[PDB]
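Peer 1: Following this line is entry18.txt, made up of compact mmCIF, N, CA and C atoms:
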```txt
# COMPACT_ATOMS: atom_id res chain seq x y z
N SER S 1856 -107.84 -102.09 -166.39
CA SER S 1856 -106.66 -102.63 -165.62
C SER S 1856 -105.93 -103.55 -166.59
N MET S 1857 -104.97 -104.33 -166.08
CA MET S 1857 -104.22 -105.31 -166.89
C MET S 1857 -105.04 -106.30 -167.75
N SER S 1858 -104.86 -106.19 -169.09
CA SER S 1858 -105.63 -107.02 -170.04
C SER S 1858 -107.21 -106.70 -170.02
N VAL S 1859 -107.58 -105.55 -169.51
CA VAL S 1859 -109.01 -105.11 -169.44
C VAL S 1859 -109.10 -103.67 -169.89
N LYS S 1860 -109.55 -103.49 -171.14
CA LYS S 1860 -109.56 -102.15 -171.74
C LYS S 1860 -110.90 -101.71 -172.19
N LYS S 1861 -111.29 -100.46 -171.88
CA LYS S 1861 -112.42 -99.78 -172.53
C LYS S 1861 -112.26 -99.79 -174.04
N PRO S 1862 -113.36 -99.75 -174.80
CA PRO S 1862 -113.29 -99.66 -176.27
C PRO S 1862 -112.43 -98.48 -176.83
N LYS S 1863 -111.65 -98.73 -177.91
CA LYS S 1863 -110.70 -97.71 -178.46
C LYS S 1863 -111.42 -96.52 -179.20
N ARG S 1864 -111.76 -95.43 -178.49
CA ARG S 1864 -112.01 -94.05 -179.11
C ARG S 1864 -111.00 -93.63 -180.23
N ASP S 1865 -111.53 -93.33 -181.42
CA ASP S 1865 -110.68 -93.08 -182.60
C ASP S 1865 -110.05 -91.69 -182.41
N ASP S 1866 -108.74 -91.67 -182.20
CA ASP S 1866 -107.99 -90.40 -181.99
C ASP S 1866 -107.13 -90.01 -183.19
N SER S 1867 -107.30 -90.71 -184.32
CA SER S 1867 -106.38 -90.55 -185.47
C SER S 1867 -106.50 -89.20 -186.22
N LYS S 1868 -107.66 -88.57 -186.10
CA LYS S 1868 -107.92 -87.24 -186.63
C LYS S 1868 -107.71 -86.08 -185.64
N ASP S 1869 -107.30 -86.40 -184.43
CA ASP S 1869 -107.22 -85.35 -183.36
C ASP S 1869 -106.24 -84.23 -183.77
N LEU S 1870 -105.10 -84.62 -184.29
CA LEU S 1870 -104.02 -83.66 -184.69
C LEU S 1870 -104.54 -82.66 -185.72
N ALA S 1871 -105.18 -83.17 -186.74
CA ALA S 1871 -105.79 -82.34 -187.76
C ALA S 1871 -106.89 -81.46 -187.28
N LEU S 1872 -107.75 -82.01 -186.44
CA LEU S 1872 -108.83 -81.24 -185.92
C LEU S 1872 -108.34 -80.12 -184.90
N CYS S 1873 -107.36 -80.45 -184.07
CA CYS S 1873 -106.81 -79.39 -183.17
C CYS S 1873 -106.16 -78.25 -184.01
N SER S 1874 -105.47 -78.65 -185.09
CA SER S 1874 -104.88 -77.68 -186.05
C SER S 1874 -105.96 -76.75 -186.68
N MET S 1875 -107.11 -77.31 -187.09
CA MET S 1875 -108.20 -76.53 -187.56
C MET S 1875 -108.77 -75.59 -186.55
N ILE S 1876 -109.02 -76.07 -185.34
CA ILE S 1876 -109.49 -75.20 -184.29
C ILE S 1876 -108.48 -74.01 -184.06
N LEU S 1877 -107.20 -74.33 -184.07
CA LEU S 1877 -106.16 -73.38 -183.75
C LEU S 1877 -106.17 -72.34 -184.87
N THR S 1878 -106.35 -72.78 -186.14
CA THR S 1878 -106.43 -71.82 -187.30
C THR S 1878 -107.58 -70.87 -187.11
N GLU S 1879 -108.71 -71.36 -186.63
CA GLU S 1879 -109.86 -70.55 -186.45
C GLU S 1879 -109.61 -69.51 -185.32
N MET S 1880 -108.94 -69.93 -184.26
CA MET S 1880 -108.60 -69.02 -183.16
C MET S 1880 -107.59 -67.95 -183.68
N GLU S 1881 -106.59 -68.35 -184.45
CA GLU S 1881 -105.59 -67.45 -185.05
C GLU S 1881 -106.21 -66.36 -185.92
N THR S 1882 -107.30 -66.67 -186.59
CA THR S 1882 -107.93 -65.77 -187.55
C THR S 1882 -109.09 -64.96 -186.98
N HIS S 1883 -109.49 -65.19 -185.75
CA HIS S 1883 -110.51 -64.41 -185.08
C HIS S 1883 -110.01 -62.96 -184.89
N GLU S 1884 -110.90 -62.02 -185.10
CA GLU S 1884 -110.49 -60.64 -184.92
C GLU S 1884 -109.99 -60.26 -183.55
N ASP S 1885 -110.44 -60.91 -182.49
CA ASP S 1885 -110.01 -60.65 -181.16
C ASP S 1885 -108.76 -61.50 -180.71
N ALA S 1886 -108.10 -62.12 -181.63
CA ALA S 1886 -106.93 -62.96 -181.32
C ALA S 1886 -105.69 -62.12 -181.04
N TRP S 1887 -105.68 -60.85 -181.50
CA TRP S 1887 -104.43 -60.02 -181.45
C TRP S 1887 -103.66 -59.98 -180.13
N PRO S 1888 -104.31 -60.03 -178.92
CA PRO S 1888 -103.47 -60.08 -177.71
C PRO S 1888 -102.69 -61.36 -177.50
N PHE S 1889 -103.05 -62.41 -178.29
CA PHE S 1889 -102.66 -63.81 -178.03
C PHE S 1889 -101.79 -64.42 -179.10
N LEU S 1890 -101.53 -63.72 -180.18
CA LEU S 1890 -100.84 -64.26 -181.34
C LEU S 1890 -99.37 -64.59 -181.09
N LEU S 1891 -98.73 -63.76 -180.28
CA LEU S 1891 -97.30 -63.84 -179.96
C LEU S 1891 -97.06 -63.81 -178.50
N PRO S 1892 -95.91 -64.34 -178.04
CA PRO S 1892 -95.59 -64.24 -176.64
C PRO S 1892 -95.51 -62.79 -176.13
N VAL S 1893 -95.99 -62.58 -174.92
CA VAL S 1893 -95.91 -61.27 -174.25
C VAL S 1893 -94.42 -60.95 -174.14
N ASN S 1894 -94.05 -59.71 -174.48
CA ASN S 1894 -92.62 -59.32 -174.49
C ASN S 1894 -92.22 -59.06 -173.00
N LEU S 1895 -91.51 -60.03 -172.44
CA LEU S 1895 -91.13 -60.00 -171.02
C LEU S 1895 -90.17 -58.90 -170.63
N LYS S 1896 -89.45 -58.34 -171.61
CA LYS S 1896 -88.61 -57.16 -171.38
C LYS S 1896 -89.46 -55.90 -171.33
N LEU S 1897 -90.57 -55.85 -172.05
CA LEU S 1897 -91.29 -54.60 -172.22
C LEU S 1897 -92.54 -54.49 -171.43
N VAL S 1898 -92.95 -55.55 -170.70
CA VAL S 1898 -94.22 -55.50 -169.96
C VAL S 1898 -93.92 -55.79 -168.54
N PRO S 1899 -93.89 -54.70 -167.74
CA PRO S 1899 -93.65 -54.82 -166.32
C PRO S 1899 -94.60 -55.76 -165.62
N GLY S 1900 -94.06 -56.57 -164.76
CA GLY S 1900 -94.87 -57.46 -163.91
C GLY S 1900 -95.05 -58.87 -164.50
N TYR S 1901 -94.94 -58.97 -165.84
CA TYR S 1901 -95.43 -60.22 -166.53
C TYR S 1901 -94.65 -61.41 -166.18
N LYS S 1902 -93.33 -61.20 -166.23
CA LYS S 1902 -92.40 -62.28 -165.95
C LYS S 1902 -92.58 -62.89 -164.55
N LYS S 1903 -92.70 -62.03 -163.55
CA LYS S 1903 -92.85 -62.52 -162.18
C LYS S 1903 -94.21 -63.10 -161.83
N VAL S 1904 -95.24 -62.48 -162.36
CA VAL S 1904 -96.58 -62.85 -162.05
C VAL S 1904 -97.08 -64.07 -162.81
N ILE S 1905 -96.69 -64.20 -164.08
CA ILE S 1905 -97.33 -65.27 -164.94
C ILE S 1905 -96.32 -66.39 -165.06
N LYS S 1906 -96.55 -67.41 -164.29
CA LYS S 1906 -95.51 -68.41 -164.11
C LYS S 1906 -95.33 -69.25 -165.39
N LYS S 1907 -96.42 -69.44 -166.13
CA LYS S 1907 -96.35 -70.20 -167.37
C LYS S 1907 -96.96 -69.45 -168.54
N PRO S 1908 -96.17 -68.59 -169.20
CA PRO S 1908 -96.68 -67.84 -170.36
C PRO S 1908 -97.07 -68.79 -171.48
N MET S 1909 -98.13 -68.44 -172.20
CA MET S 1909 -98.54 -69.26 -173.35
C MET S 1909 -99.23 -68.31 -174.34
N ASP S 1910 -99.11 -68.63 -175.62
CA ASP S 1910 -99.67 -67.84 -176.72
C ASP S 1910 -99.95 -68.77 -177.89
N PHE S 1911 -100.70 -68.29 -178.90
CA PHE S 1911 -101.10 -69.14 -180.01
C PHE S 1911 -99.92 -69.59 -180.86
N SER S 1912 -98.93 -68.70 -181.08
CA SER S 1912 -97.74 -69.10 -181.86
C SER S 1912 -96.93 -70.25 -181.25
N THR S 1913 -96.82 -70.25 -179.95
CA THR S 1913 -96.16 -71.26 -179.15
C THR S 1913 -96.95 -72.57 -179.18
N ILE S 1914 -98.26 -72.46 -179.04
CA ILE S 1914 -99.11 -73.66 -179.23
C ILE S 1914 -98.96 -74.19 -180.63
N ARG S 1915 -98.91 -73.31 -181.65
CA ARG S 1915 -98.80 -73.78 -183.03
C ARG S 1915 -97.46 -74.55 -183.24
N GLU S 1916 -96.39 -74.04 -182.69
CA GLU S 1916 -95.09 -74.69 -182.84
C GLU S 1916 -95.07 -76.06 -182.08
N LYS S 1917 -95.62 -76.08 -180.87
CA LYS S 1917 -95.74 -77.31 -180.10
C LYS S 1917 -96.57 -78.35 -180.90
N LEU S 1918 -97.68 -77.93 -181.47
CA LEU S 1918 -98.55 -78.82 -182.23
C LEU S 1918 -97.83 -79.45 -183.44
N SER S 1919 -97.19 -78.58 -184.20
CA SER S 1919 -96.43 -78.94 -185.37
C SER S 1919 -95.23 -79.83 -185.12
N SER S 1920 -94.74 -79.97 -183.91
CA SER S 1920 -93.50 -80.67 -183.61
C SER S 1920 -93.72 -81.82 -182.66
N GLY S 1921 -94.99 -82.27 -182.53
CA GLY S 1921 -95.29 -83.45 -181.68
C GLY S 1921 -95.07 -83.32 -180.27
N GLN S 1922 -95.28 -82.09 -179.75
CA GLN S 1922 -95.09 -81.90 -178.33
C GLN S 1922 -96.40 -81.98 -177.48
N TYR S 1923 -97.52 -82.16 -178.15
CA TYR S 1923 -98.78 -82.56 -177.43
C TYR S 1923 -99.03 -84.11 -177.47
N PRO S 1924 -98.94 -84.74 -176.32
CA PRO S 1924 -99.18 -86.19 -176.35
C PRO S 1924 -100.61 -86.54 -176.66
N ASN S 1925 -101.58 -85.67 -176.31
CA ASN S 1925 -102.98 -86.00 -176.60
C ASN S 1925 -103.80 -84.70 -176.68
N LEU S 1926 -105.06 -84.81 -177.10
CA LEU S 1926 -105.86 -83.58 -177.31
C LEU S 1926 -106.10 -82.83 -175.96
N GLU S 1927 -106.07 -83.48 -174.78
CA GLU S 1927 -106.27 -82.79 -173.55
C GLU S 1927 -105.10 -81.87 -173.16
N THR S 1928 -103.87 -82.25 -173.51
CA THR S 1928 -102.74 -81.39 -173.20
C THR S 1928 -102.85 -80.16 -174.11
N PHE S 1929 -103.35 -80.32 -175.33
CA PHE S 1929 -103.57 -79.16 -176.25
C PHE S 1929 -104.56 -78.19 -175.62
N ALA S 1930 -105.70 -78.73 -175.15
CA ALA S 1930 -106.76 -77.86 -174.53
C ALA S 1930 -106.23 -77.13 -173.30
N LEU S 1931 -105.37 -77.79 -172.52
CA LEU S 1931 -104.80 -77.18 -171.34
C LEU S 1931 -103.98 -75.91 -171.69
N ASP S 1932 -103.17 -75.98 -172.72
CA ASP S 1932 -102.40 -74.84 -173.17
C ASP S 1932 -103.28 -73.73 -173.73
N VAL S 1933 -104.36 -74.08 -174.47
CA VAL S 1933 -105.24 -73.03 -174.97
C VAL S 1933 -105.84 -72.31 -173.72
N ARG S 1934 -106.39 -73.10 -172.78
CA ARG S 1934 -107.05 -72.52 -171.59
C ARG S 1934 -106.03 -71.68 -170.80
N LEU S 1935 -104.76 -72.12 -170.73
CA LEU S 1935 -103.70 -71.38 -170.07
C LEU S 1935 -103.59 -69.96 -170.62
N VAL S 1936 -103.75 -69.82 -171.96
CA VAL S 1936 -103.67 -68.51 -172.59
C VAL S 1936 -104.74 -67.58 -171.96
N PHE S 1937 -105.95 -68.12 -171.76
CA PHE S 1937 -107.03 -67.28 -171.25
C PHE S 1937 -107.02 -67.06 -169.78
N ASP S 1938 -106.56 -68.04 -169.05
CA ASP S 1938 -106.32 -67.95 -167.63
C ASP S 1938 -105.25 -66.98 -167.28
N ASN S 1939 -104.14 -66.99 -168.02
CA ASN S 1939 -103.13 -65.92 -167.90
C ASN S 1939 -103.67 -64.53 -168.18
N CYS S 1940 -104.46 -64.43 -169.23
CA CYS S 1940 -105.05 -63.13 -169.60
C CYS S 1940 -105.94 -62.58 -168.46
N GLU S 1941 -106.76 -63.45 -167.87
CA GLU S 1941 -107.64 -63.02 -166.74
C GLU S 1941 -106.82 -62.67 -165.48
N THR S 1942 -105.72 -63.37 -165.26
CA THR S 1942 -104.80 -63.05 -164.17
C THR S 1942 -104.22 -61.62 -164.24
N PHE S 1943 -103.89 -61.17 -165.42
CA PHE S 1943 -103.17 -59.96 -165.64
C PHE S 1943 -103.98 -58.76 -166.11
N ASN S 1944 -105.20 -58.97 -166.59
CA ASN S 1944 -105.91 -57.91 -167.29
C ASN S 1944 -107.28 -57.75 -166.62
N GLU S 1945 -107.69 -56.50 -166.49
CA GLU S 1945 -109.03 -56.22 -165.99
C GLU S 1945 -110.07 -56.76 -166.99
N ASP S 1946 -111.16 -57.34 -166.44
CA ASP S 1946 -112.35 -57.73 -167.27
C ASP S 1946 -112.84 -56.58 -168.20
N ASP S 1947 -112.87 -55.35 -167.68
CA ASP S 1947 -113.31 -54.17 -168.43
C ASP S 1947 -112.12 -53.43 -169.11
N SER S 1948 -111.44 -54.16 -169.98
CA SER S 1948 -110.33 -53.64 -170.81
C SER S 1948 -110.53 -54.30 -172.13
N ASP S 1949 -109.92 -53.78 -173.17
CA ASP S 1949 -110.04 -54.41 -174.46
C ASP S 1949 -109.44 -55.83 -174.42
N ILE S 1950 -108.31 -55.96 -173.77
CA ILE S 1950 -107.62 -57.29 -173.75
C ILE S 1950 -108.44 -58.24 -172.92
N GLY S 1951 -108.96 -57.76 -171.80
CA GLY S 1951 -109.72 -58.59 -170.85
C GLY S 1951 -110.97 -59.13 -171.55
N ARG S 1952 -111.68 -58.29 -172.28
CA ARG S 1952 -112.83 -58.69 -173.05
C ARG S 1952 -112.48 -59.65 -174.18
N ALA S 1953 -111.36 -59.37 -174.86
CA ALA S 1953 -110.86 -60.26 -175.90
C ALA S 1953 -110.70 -61.67 -175.36
N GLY S 1954 -110.12 -61.79 -174.18
CA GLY S 1954 -109.87 -63.06 -173.58
C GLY S 1954 -111.11 -63.84 -173.24
N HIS S 1955 -112.11 -63.12 -172.71
CA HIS S 1955 -113.40 -63.80 -172.45
C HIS S 1955 -114.03 -64.27 -173.73
N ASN S 1956 -114.06 -63.43 -174.80
CA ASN S 1956 -114.64 -63.77 -176.07
C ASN S 1956 -113.96 -65.01 -176.70
N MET S 1957 -112.63 -64.99 -176.70
CA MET S 1957 -111.86 -66.10 -177.26
C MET S 1957 -112.03 -67.44 -176.51
N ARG S 1958 -112.17 -67.37 -175.23
CA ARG S 1958 -112.36 -68.56 -174.41
C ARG S 1958 -113.72 -69.17 -174.77
N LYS S 1959 -114.75 -68.30 -174.76
CA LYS S 1959 -116.06 -68.73 -175.30
C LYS S 1959 -116.04 -69.36 -176.68
N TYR S 1960 -115.41 -68.72 -177.69
CA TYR S 1960 -115.27 -69.21 -178.97
C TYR S 1960 -114.59 -70.60 -178.99
N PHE S 1961 -113.52 -70.74 -178.19
CA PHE S 1961 -112.74 -71.98 -178.18
C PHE S 1961 -113.61 -73.15 -177.60
N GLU S 1962 -114.30 -72.87 -176.51
CA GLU S 1962 -114.99 -73.90 -175.77
C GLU S 1962 -116.15 -74.46 -176.58
N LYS S 1963 -116.83 -73.59 -177.35
CA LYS S 1963 -117.81 -74.09 -178.30
C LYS S 1963 -117.24 -74.99 -179.41
N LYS S 1964 -116.14 -74.57 -180.05
CA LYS S 1964 -115.51 -75.37 -181.08
C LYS S 1964 -115.07 -76.69 -180.50
N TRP S 1965 -114.61 -76.67 -179.26
CA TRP S 1965 -114.08 -77.85 -178.60
C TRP S 1965 -115.21 -78.92 -178.39
N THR S 1966 -116.29 -78.48 -177.77
CA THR S 1966 -117.52 -79.25 -177.62
C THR S 1966 -118.08 -79.74 -178.93
N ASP S 1967 -118.26 -78.86 -179.91
CA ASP S 1967 -118.78 -79.29 -181.18
C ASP S 1967 -117.91 -80.25 -181.94
N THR S 1968 -116.59 -80.14 -181.81
CA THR S 1968 -115.72 -81.00 -182.55
C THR S 1968 -115.56 -82.39 -181.90
N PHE S 1969 -115.53 -82.47 -180.57
CA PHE S 1969 -115.08 -83.66 -179.84
C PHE S 1969 -116.12 -84.27 -178.84
N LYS S 1970 -117.14 -83.52 -178.40
CA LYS S 1970 -118.06 -83.97 -177.31
C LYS S 1970 -119.51 -84.15 -177.81
```
Let me see the structure of the file written as structure tokens.
Peer 2:
Amino acid sequence: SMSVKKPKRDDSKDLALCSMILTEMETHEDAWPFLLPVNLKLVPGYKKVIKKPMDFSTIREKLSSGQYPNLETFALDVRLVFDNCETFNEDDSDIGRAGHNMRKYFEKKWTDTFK
């Protein structure tokens, strides 16, 4: 509360560390469904159904331009990518499986880096 603060957790490396995690996600072999925004002209249903599209390139640009106020808003956008994928794709599809694999990969790096 006012003039009463928990001890200051060092957040000075968060930007660099989120960038590293993002590089690792970008270079994973199963990243291909997620590298670029879904083409809303060419994929029926996407625009109407997925209210907040997100992809790794968009996260990379947001990261690079100071549009994440803290590491939790970064994690929210990464998870959004996988949540969108599960919304639109069957579990038993190449894309659906890619999304589960990537979410797993991300959540481990997240825990190991920060928790």
Peer 1: From chain S, collect each residue whose DSSP state is helix (DSSP H, G or I) and return the set as a PyMOL selection string.
Peer 2: chain S and resi 1869-1882+1884-1886+1901-1904+1911-1919+1926-1943+1949-1969
Peer 1: Calculate how many Å separate atom N of residue S:1908 from atom C of residue S:1887, rounding to one decimal.
Peer 2: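 Interatomic distance here is 15.8 Å.
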Peer 1: Neighbouring residues of residue S:1918 were defined as those with any atom within 12 Å, considering only C-alpha atoms; residues of the same chain fewer than 4 positions away were excluded. Please report them as an MDAnalysis selection string.
Peer 2: chainID S and resid 1869:1878 1911:1914 1922:1926 1928:1930 1932:1933
Peer 1: Go through stretch 1879-1935 of chain S and flag each residue having an atom no more than 6.5 Å from stretch 1940-1955 of chain S; for those, report the closest pair of atoms plus their distance in Å to one decimal, using only N, CA and C atoms, ordered by chain and rising number, as a Markdown table.
Peer 2:
```
| residue | atom | partner | partner_atom | distance |
| --- | --- | --- | --- | --- |
| S:1885 | CA | S:1953 | CA | 5.3 |
| S:1888 | CA | S:1950 | CA | 6.4 |
| S:1935 | C | S:1940 | N | 5.8 |
```
Peer 1: Identify which of the residues S:1909, S:1919, S:1969, S:1898 lies closest to residue S:1865, counting only C-alpha atoms when measuring atom-to-atom distances.
Peer 2: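 The shortest atom-to-atom distance to residue S:1865 comes from S:1969.
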